[PDB]
Amino acid sequence: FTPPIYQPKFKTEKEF
Amino acid sequence: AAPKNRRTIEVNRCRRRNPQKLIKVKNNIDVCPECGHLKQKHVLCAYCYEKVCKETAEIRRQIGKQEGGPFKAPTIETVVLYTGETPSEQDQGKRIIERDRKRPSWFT
Amino acid sequence: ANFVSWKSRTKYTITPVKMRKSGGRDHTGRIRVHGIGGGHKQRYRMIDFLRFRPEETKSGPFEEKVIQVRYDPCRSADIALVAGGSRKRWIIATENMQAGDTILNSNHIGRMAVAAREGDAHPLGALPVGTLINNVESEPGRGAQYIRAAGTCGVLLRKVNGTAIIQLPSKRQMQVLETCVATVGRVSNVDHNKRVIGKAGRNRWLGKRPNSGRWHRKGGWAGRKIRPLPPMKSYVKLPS
Amino acid sequence: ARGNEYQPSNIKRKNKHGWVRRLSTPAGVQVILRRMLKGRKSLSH
RNA sequence: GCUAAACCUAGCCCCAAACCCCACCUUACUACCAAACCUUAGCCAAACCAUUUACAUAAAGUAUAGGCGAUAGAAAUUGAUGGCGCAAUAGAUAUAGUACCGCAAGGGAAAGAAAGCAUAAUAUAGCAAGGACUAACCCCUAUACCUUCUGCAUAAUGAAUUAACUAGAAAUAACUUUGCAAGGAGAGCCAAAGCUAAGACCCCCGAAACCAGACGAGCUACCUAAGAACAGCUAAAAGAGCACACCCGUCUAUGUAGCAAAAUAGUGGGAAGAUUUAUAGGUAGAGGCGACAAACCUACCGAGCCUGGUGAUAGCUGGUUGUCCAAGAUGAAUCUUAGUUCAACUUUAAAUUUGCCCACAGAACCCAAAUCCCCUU
RNA sequence: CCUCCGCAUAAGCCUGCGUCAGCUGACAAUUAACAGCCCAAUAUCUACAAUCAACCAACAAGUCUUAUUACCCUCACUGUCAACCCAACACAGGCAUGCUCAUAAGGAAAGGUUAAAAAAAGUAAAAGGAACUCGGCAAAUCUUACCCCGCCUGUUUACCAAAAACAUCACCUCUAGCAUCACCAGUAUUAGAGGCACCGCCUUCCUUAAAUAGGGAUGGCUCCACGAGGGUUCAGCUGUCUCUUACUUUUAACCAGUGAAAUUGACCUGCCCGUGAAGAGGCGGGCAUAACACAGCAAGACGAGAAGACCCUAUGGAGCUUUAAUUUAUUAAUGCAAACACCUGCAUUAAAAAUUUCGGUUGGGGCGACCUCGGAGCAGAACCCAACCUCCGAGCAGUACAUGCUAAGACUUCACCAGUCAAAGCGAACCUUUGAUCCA
Ligand SMILES: [Mg+2]
Ligand SMILES: [Mg+2]
Ligand SMILES: [Mg+2]
Ligand SMILES: [Mg+2]
Ligand SMILES: [Mg+2]
Ligand SMILES: [Mg+2]
Ligand SMILES: [Mg+2]
Ligand SMILES: [Mg+2]
Ligand SMILES: [Mg+2]
Ligand SMILES: [Mg+2]
Ligand SMILES: [Mg+2]
Ligand SMILES: [Mg+2]
Ligand SMILES: [Mg+2]
Ligand SMILES: [Mg+2]
Ligand SMILES: [Mg+2]
Ligand SMILES: [Mg+2]
Ligand SMILES: [Mg+2]
Ligand SMILES: [Mg+2]
Ligand SMILES: [Mg+2]
Ligand SMILES: [Mg+2]
Ligand SMILES: [Mg+2]
Ligand SMILES: [Mg+2]
Ligand SMILES: [Mg+2]
Ligand SMILES: [Mg+2]
Ligand SMILES: [Mg+2]
Ligand SMILES: [Mg+2]
Ligand SMILES: [Mg+2]
Ligand SMILES: [Mg+2]
Ligand SMILES: [Mg+2]
Ligand SMILES: [Mg+2]
Ligand SMILES: [Mg+2]
Ligand SMILES: [Mg+2]
Ligand SMILES: [Mg+2]
Ligand SMILES: [Mg+2]
Ligand SMILES: [Mg+2]
Ligand SMILES: [Mg+2]
Ligand SMILES: [Mg+2]
Ligand SMILES: [Mg+2]
Ligand SMILES: [Zn+2]
């Protein structure tokens, strides 16, 4: 088993 | 199963610009001779129906004020009367819902 | 670890003392003894193993009344609350000790052998040779340390000079100055052997737990093996 | 089944990673010193 | 015409110089009760590994040391403010040690001023082009690229695509061009044409690991302290029966980027005990804990995690970016056959003089094709 | 219409559906009696459970302070919200306690439509009733009997194994004669460790129609009970099956909103035969061939997922065991010195460990063979030529003791290392194979 890797939250929380 | 190759824009256009996918032109649209509004042949005129719904809502608010509580449906007919109207002979023995506006032209 | 032994009480008392279980752990918090843990909560009754302890501002042989004989969670042998003068103390009850009995504790080494009555404590020099004894001291006034388990009885094998030879319940001889005190008879609860635990749960109540990995050395338990000498290496394990 | 290994309790948090425990040993003091050198806003937990 | 594209200073790099109110160690930021010092190891090199290696100038890589081998290695003596830097994927990680991730140690950002589509889907046939043609297609020709292989369209590897970034660092000795020349060199060094100076030449990513020091027992294993829960019926003081709560996880189906990094539904085991469970505390990494399953120790435990040594090492895989021309192809030893050293081959430059082909003559007794050798040519 | 739901406390979180105006900002809010935050000391005290505590029943034996001396001032401080916490999420999971036992509390399975396949869940089913199948799995329904294993209740591979494995009372063996940190405030009827397994007694036929199934003719036995254990069976039951069908829900498909992931060299992406790095959409020869959606299928794209599984290699790791090699630094014993029990140094023996290694070529049904040198054939005639190839031989001896010293020129096992031959000369006389360096 290989653990999942989470991408940094800032990338997907951006707003205009 | 996963795609074996990226689908090209040319193929994608052939697919998603097919007539089966294009929006069809509607040919049942016409003008309501009453008010001149657009309507579909088989459907009610939206504007006229909005008129009727608003008037119905007002009449129903009056009915609710008159009834005053749930489970008070009358066992007698109802008649809506506008300003300057009097219960007729056949309107006798029917609950009168009084409206403060004048009789609409389309209401008879 | 922040382990401080519960055995901090300094003054003797009759009241059972709240004793903290160890789980077989050191003060470091690591397991030192395996198979220990859980069990019924127990209270410790301080046992006075120095049977000849004359009261304060008092001396010489003294008698004591057996207030009661009680079960002790912390021992195989049952104990006796026994009172003398104006004090009470817990002692190890002998086989036939009953409530209301009288017990004699003396330090007098009579020229003749004192009539050995079960339960009383005399210096070993005062006992007839061959009497059954328990709660034996190693040194005069040290306090009983040997022959303390239920039903155990040493034998006063010999008396010569100021030295007595005792047979411990392990059938090993021991030399003790005849001035050291011992109590006559075998310890109480003689049927402790015949008790049948019956189920694993009862041992778990008694605080014994099933524990593995009891050795912590590389490879675990390893029985001793005779290392062959060079001449015998040829025949250590002859193939069939 | 897994994932919820953190069962928060402020008592354990402070007793395990607090300022007092960090200062209780030279190793913890060096932990604090490293955080200070790095410029951490939160030196201890 | 959309998305976008672009920009220049915010700062940074390398040098020089100069030596730089109140609260808070208790659960930190809480007004106020009776004790420090102690060899680093290991990776790595030795093609394993075990001693060993691996934490001004000149004398000199000399004396010395060394499985006398890899390699290590003196001293006597001598005396000595700037930028052919970066300019927002660069330069500091930095707008910030912030956000965010982690229980913790710890990790640690981003950013400010073409591609893809749409205008405008599509026409028999085919690496999508080329030769063409009046003409887009129709005709004819044409088995993507890279890498790895004896040999790849290969149904071997890699690549959706665009932008940006991303990989040959240096000595010994040569050669070339200067200077001076039996001397050269700005002490030391070399010298039987040498010496002095310059020019040219030696990559990138990747393990599982090992050791040091921290951090972790809010999960889980076990334990300590003091708590709590266990209906109803049957039975009578039960590791008792049936069966709720509760705990578990037998079997089946579903789910399989899922509701879920282990769940759901049904079914099932225990359910007053060796039970389950809240709270706080303890045991720490060759260690703990373990009713031994190599089980568990913060989702990935035959030995945790983080930081450091560390740009570990890799005879192994992958990658290695302008144009053009030229020469260029199949034994020995080796813990060695996935490698290397020598040879052979190969390339360049230089010297001077025979080189290949080659008939006649010539090359063995024992018991065939040809070959070797060389006057001529 | 639905709910082991709901309300509180704890824990956790920390303003996270209150108002207002434009998710953002502003404004507001939880008020102590509940809860937390305590105690002036010295000593001396404190045997007698609990279980309605009264009988009864025990064993596992069970939270249990006054005197004296000081001292009078008084209700401060803090928590109080929520639709909430741990799981990256408005996550079907995790989540203690008190009460409500179906709710007085809390909620909404259907965005609209249609009524396809496949798929999920459920209901019903003629006749039959295990013929299904590895197996009665699942479902439906009641049951019988018997074997194997383990005595039993328990524990275990969190996330493929719950078991016959582990533990377990019982029993056996070994070790220990003793106190102030475990064992243990214990003492041989004790403690520690290991083994074993409760306990107790002695030393071809049947089954079927058909039967690779099942049952029976210290050791040897005895299975009381138990078991989601593993087998077999009677009877029943059933859509397991003969042999499938119907309906409902979900999914589905269409409409509206929002909107991923693996994947992807480019593709203008056909069939047959042949060929080819040996399996062709793409090459050769034929055949076919307007262009596009939508829904299905899973034969191919050696289809997509982890530089898969398995096998081999690496002078790559790591683990384990040892009569592998090297050590005993450290402990434990001794001995010798050294200080007059304790301690230092030096030896020896152990324990415990520590570090390190796993040569090569050959051999599928073995129980190894080989590794250097030389002779013969392969390799016929200069030289040279392999093999797990076909055969043979050697690790020196005999001799003498010029079998000395020197030295032109040569050969050379395809490199080097090494190995050969040798005129002349000097000096006596008058020969025919194994191995380097360092180190000693
Ligand atoms: Mg917990
Ligand atoms: Mg090495
Ligand atoms: Mg010097
Ligand atoms: Mg930057
Ligand atoms: Mg463009
Ligand atoms: Mg390919
Ligand atoms: Mg490959
Ligand atoms: Mg690819
Ligand atoms: Mg815990
Ligand atoms: Mg009950
Ligand atoms: Mg029970
Ligand atoms: Mg366990
Ligand atoms: Mg095992
Ligand atoms: Mg195993
Ligand atoms: Mg982990
Ligand atoms: Mg590398
Ligand atoms: Mg050429
Ligand atoms: Mg060798
Ligand atoms: Mg190699
Ligand atoms: Mg709904
Ligand atoms: Mg719908
Ligand atoms: Mg039927
Ligand atoms: Mg059958
Ligand atoms: Mg049947
Ligand atoms: Mg069949
Ligand atoms: Mg079943
Ligand atoms: Mg069992
Ligand atoms: Mg499992
Ligand atoms: Mg479990
Ligand atoms: Mg299972
Ligand atoms: Mg059968
Ligand atoms: Mg069971
Ligand atoms: Mg839609
Ligand atoms: Mg073919
Ligand atoms: Mg293809
Ligand atoms: Mg289709
Ligand atoms: Mg591979
Ligand atoms: Mg040669
Ligand atoms: Zn109208």
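Order of the sequence lines sets the chain letters (A, B, ...), proteins ahead of strands, with each chain counted from 1. The figures here come from the full heavy-atom set of this structure, side chains too, leaving out hydrogens, waters and symmetry mates.
- Nucleic acid contact class of C:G35 (heavy atoms, under 4.0 Å, all strands): none.
- Residue contacts shown for C:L206 are limited to sugar-phosphate atoms, with no base heavy atom under 4.0 Å away.
- Taking atom P in both F:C320 and F:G300, one finds a spacing of 48 Å when rounded to whole Å.
- The residue C:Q42 sits close only to the backbone: its heavy atoms come under 4.0 Å of sugar-phosphate atoms, none of a base.
- Consecutive bases F:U326 and F:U327 are counted as stacked, their six-membered rings lying with centres under 5.5 Å apart and planes tilted under 30°.
- Across all strands shown, F:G409 is found opposite F:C421 as a Watson-Crick or G-U wobble partner, with both distances under 3.5 Å.
- The base of F:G194 lies outside donor-acceptor range of the side chain of C:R224, with no N or O pair under 3.5 Å.
- Contact annotation for D:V31: backbone-only contact, meaning every heavy-atom pair under 4.0 Å involves sugar-phosphate atoms and none involves a base.
- Judged by distance alone, with hydrogens and angles left aside, C:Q68 brings a side-chain donor or acceptor within reach of the base of F:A47, the pair sitting under 3.5 Å.
- Among the heavy atoms of the strands lying under 4.0 Å from D:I11 are primed sugar atoms or P, OP1, OP2 only; no base atom is included.
- Under the 6.0 Å distance and 45° angle rule, C:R148 counts as a cation-pi partner of C:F49.
- Using the sign of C1'-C2'-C3'-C4' as the criterion, F:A278 is classed as south-puckered.
- In terms of polar N and O atoms assigned as donor or acceptor, the side chain of D:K38 comes within less than 3.5 Å of the base of E:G108 in a complementary pairing.
- Note on D:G28: only backbone sugar-phosphate atoms sit closer than 4.0 angstrom, heavy atoms only; bases stay farther off.
- Pairing each heavy atom of C:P128 with each of C:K159, the nearest pair is C-NZ, 4.0 Å.
- Taking 90° from 0 as the syn/anti boundary, the base of F:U103 is oriented syn.
- Within the shown strands, E:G194 is the pairing partner of E:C180 under the Watson-Crick or G-U definition, both distances less than 3.5 Å.
- The base of E:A104 has none of its N or O atoms less than 3.5 Å from a complementary donor or acceptor on the side chain of D:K16.
- Contact annotation for C:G219: backbone-only contact, meaning every heavy-atom pair under 4.0 Å involves sugar-phosphate atoms and none involves a base.
- Of the candidates F:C181, E:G97, E:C223, F:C181 carries the atom nearest the C:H27 side chain, counting heavy atoms from C-beta on.
- Among the protein residues, B:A1 comes within range of the nucleic acid bases, having at least one heavy atom under 4.0 Å from a base atom.
- Checked for salt-bridge contact, C:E118 and C:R186 miss the test: no charged N lies under 4.0 Å from a carboxylate O.
- For E:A28, neither phosphate oxygen OP1 nor OP2 lies less than 4.0 angstrom from any side-chain nitrogen or oxygen of D:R13.
- For F:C267, its base sits under 3.5 Å from the side chain of B:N5 at one donor and acceptor pair at least.
- Contacts of B:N12 with the nucleic acid, taken as non-hydrogen atoms under 4.0 Å apart, are absent.
- Residue-to-nucleotide contacts include a donor-acceptor pair under 3.5 Å from the side chain of A:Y6 to the base of E:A261.
- Among the atoms of the strands shown, base atoms are found under 4.0 Å from some heavy atom of D:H17.
- If you look at B:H37 and B:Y47, their ring centroids are closer than 6.0 Å.
- Nucleic acid contact class of C:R227 (heavy atoms, under 4.0 Å, all strands): sugar-phosphate only.
- At a threshold of 4.0 angstrom between heavy atoms, the contacts of C:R30 are confined to the sugar-phosphate backbone, with no base atom among them.
- Considering only heavy atoms from C-beta on, C:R9 comes within 4.5 Å of C:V17 through its side chain.
- Proximity of C:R45 to the phosphate of F:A47: no side-chain N or O atom is located under 4.0 Å from OP1 or OP2.
- C:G23 comes within 4.0 angstrom of the backbone, heavy atoms only, and of no base.
- Nucleotide E:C29 is matched to nothing when pairs are restricted to Watson-Crick or G-U wobble geometry with both distances under 3.5 angstrom.
- In the set F:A185, E:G218, E:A274, the nucleotide with an atom closest to the side chain of C:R204 is E:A274.
- Salt bridge status for B:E67 with B:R95: present, with a side-chain N to carboxylate O gap under 4.0 Å.
- Heavy-atom distances to RNA chain F give each of C:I36 and C:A150 a nearest nucleotide, and the one nearer the 5′ end belongs to C:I36.
- A close approach under 4.0 Å does occur between a side-chain nitrogen or oxygen of C:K11 and OP1 or OP2 of F:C45.
- Minimum atom distance to the side chain of C:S170 is reached by F:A188, of the listed F:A61, F:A188, F:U189.
- Of the side-chain N and O atoms in D:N10, none sit less than 4.0 angstrom from OP1 or OP2 of E:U27.
- Using a 4.0 Å heavy-atom cutoff across all strands shown, C:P228 reaches no nucleic acid atom at all.
- Summarising the base pairing, F:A193 is matched to F:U173 through a Watson-Crick or G-U wobble pair whose two defining distances lie under 3.5 Å.
- The pairing partner recorded for F:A246 is F:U123, the criterion being a Watson-Crick or G-U wobble arrangement whose two distances lie under 3.5 angstrom.
- Taking atom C1' in both F:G216 and F:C148, the straight-line distance is 15 Å, to the nearest Å.
- Residue C:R25 places no side-chain atom within donor-acceptor reach of the base of E:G288, judged by atom type and a 3.5 Å distance cut-off alone.
- Proximity of C:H216 to the phosphate of E:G287: no side-chain N or O atom is located under 4.0 Å from OP1 or OP2.
- Base orientation for F:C149: anti, the chi torsion being more than 90° from 0.
- On a pure distance criterion of 3.5 Å, no polar donor-acceptor pair joins the side chain of C:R202 and the base of E:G273.
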